Structures are given as C-alpha cells and as structure tokens.
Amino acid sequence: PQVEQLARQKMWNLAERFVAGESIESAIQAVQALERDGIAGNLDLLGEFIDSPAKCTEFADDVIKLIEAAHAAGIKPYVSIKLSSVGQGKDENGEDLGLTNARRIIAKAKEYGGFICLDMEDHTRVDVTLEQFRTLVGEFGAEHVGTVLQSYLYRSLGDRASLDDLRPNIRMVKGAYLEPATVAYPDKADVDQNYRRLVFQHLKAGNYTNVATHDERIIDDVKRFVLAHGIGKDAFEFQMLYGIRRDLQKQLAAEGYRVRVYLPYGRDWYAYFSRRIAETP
C-alpha cells in the first residue's frame, strides 16, 4: 500500500546498517570502500533454507555471477555460502544437490585464486556439512575452501580435532541459532571459554584461523595469545559483520592485524537481519 511506503523505507534504513544493499554492484562498492581502509571483504548473497531444487540452483548461479563480478572489479573472490541455499539434503540424479552446486561455486572461485567458506547453520546440518567439507577439501584444496565451528556446541572441540589432517581454514564463531541444552552450553561463560579453546587449539595446530567475533575481551585475549606464542600476524585474521564495531575493524587494521568483514547483500535479507536485531545488546 502507498500508506506503508514510509515504514518499508524506514525498515530498510535500519537494515542498511547490516546489509550492503540489494545488488552485486552495491556489494562490490562496499568491498572497495573496506579495502580503501585496509580491511578485506567476505561476500555473501543473502538467502537460506531454499525449498525448490530449481531455486537452489538459480541461487548457486547467482553466487557464480557474484564471483565473476568481483573478479572483473579486481577483487579476489572470497565468498561465504550457506549450503541450505544451494540444495544440501536434496538428491538430484543420485548426488546431493548442495554438493554439486558447491563444486561449481568453488571451481569458479579457485579459477580466480579465490576462496569459499561453508557457513555453519543449525545443529542438524553439522555432520553433513563437515562430511561435505572434507570431500571438497580433497577436490579443491585447503587453500580454496574453508568452514566454521560454533563454540556454543559441545561437539565442536572434537570436530576441530577430527579435521586436523586437512590443515583446514576454520572460522570460529559463538553461534547464531536457537539451540537446546542437550546440544549447546546454556551458560555464556562456557560459550566464551570454549571459544578461546577452539581458537587457541587451531592456532597451536598451525591452521589458518578466522577469529570471528565483536567481543573485545576475547579479541584482547587472542592478541595476547598470539604474542605469547610467537604467532605471525599473517597466520590468522579477525572477522566482523558489516556495520558492527567499525571502530574495532579500523583499529585492528591500523595495528597491523588482518581484518575481513562479512559483507552480505541481496533482496532476501529478512532472516539475516532478524538475527542481528535479536542479538541487540
């Protein structure tokens, strides 16, 4: 309705803190702005839990269009995908559709020297995502595909250790989803301690670690750990969501740490944006 135009625009203005815009062009412009401030980008097309196999494959094709556009602009493709957006769990001609679309995405990013992260979704998808991650590392190399472990899950430390033979690039996060006490630590102090164990164990193992958090107490303790263990500032990076603690993003880059910002865009922004709102301090 014409009467609702102002409210629709106001909601989008709220979301624009967290979402670059709705187009590939808006996302590329936002990454160029980050790079001018010494910060790297990690592109994501928004959307998840896509029901139709056709739409899952269209979504993968749109991620490929993004990778082509980034490359043509002189940006090394670094893209995060949710496998539920590209068909994970659905069979097409005897193979998992998420796996076959992820192969196409990673092959394209790798042609251009790029990288794909498999985001971690809710706990029901962890086993299949870790199985598919191991398969994809075998096909494309640990330099070209990474994944995520969530510190709120009891299983995560064991999962991290199980992956060490792959020398994998892993992003450590607290965890974005609603999870019961049989699956996830209810006490935030345990989530935060387990976060440190994941980062510290990954660094000691010599694997590339993405320290994805806006929690300054944790960030300061990671700086301390890296100093005490003689770890180079080329061996890991901090990561933050677009729009959150921009001051820290800039400060860390000025101190010579690597910083890479998760940079989402697209028309289907409601789910991601709703999680940002629910997280408000």
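Just count from 1 along the sequence shown to find any residue number.
Peer 1: Which is higher on average in the deposited entry, the C-alpha temperature factors of 179 to 187 or of 95 to 103?
Peer 2: Going by the record's values, the stretch with the higher mean is 179 to 187.
Peer 1: Going by the average Cα B-factor in the PDB entry, point out whether 85 to 93 or 203 to 211 comes out higher.
Peer 2: Higher of the two, by average CA B-factor, is 85 to 93.
Peer 1: Whose CA atom has the top B-factor in the entry, of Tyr257, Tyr262, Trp12, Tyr265?
Peer 2: By C-alpha B-factor in the record, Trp12 ranks first.
Peer 1: Between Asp247, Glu68, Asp221, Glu237, which one tops the list for Cα B-factor in this entry?
Peer 2: Of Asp247, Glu68, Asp221, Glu237, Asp247 has the highest C-alpha B-factor.
Peer 1: Of the three thirds of its chain by CA temperature factor, lowest, middle or highest, which one includes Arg275?
Peer 2: For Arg275, the deposited C-alpha B-factor lands in the lowest third.
Peer 1: Please say which third, lowest, middle or highest, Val128 falls into when its CA temperature factor is compared across its chain.
Peer 2: It falls in the top third of the chain.
Peer 1: Within this chain, which third does the Cα B-factor at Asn194 fall in: lowest, middle or highest?
Peer 2: Its C-alpha B-factor, which the entry lists for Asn194, ranks in the middle third among residues of this chain.
Peer 1: Lowest, middle or highest third: where is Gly146 by C-alpha B factor in its chain?
Peer 2: As the PDB entry reports it, the C-alpha B-factor of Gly146 lands in the lowest third of its chain.
Peer 1: Is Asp119 in the lowest, middle or highest third of its chain when residues are ranked by C-alpha B-factor?
Peer 2: Lowest third.
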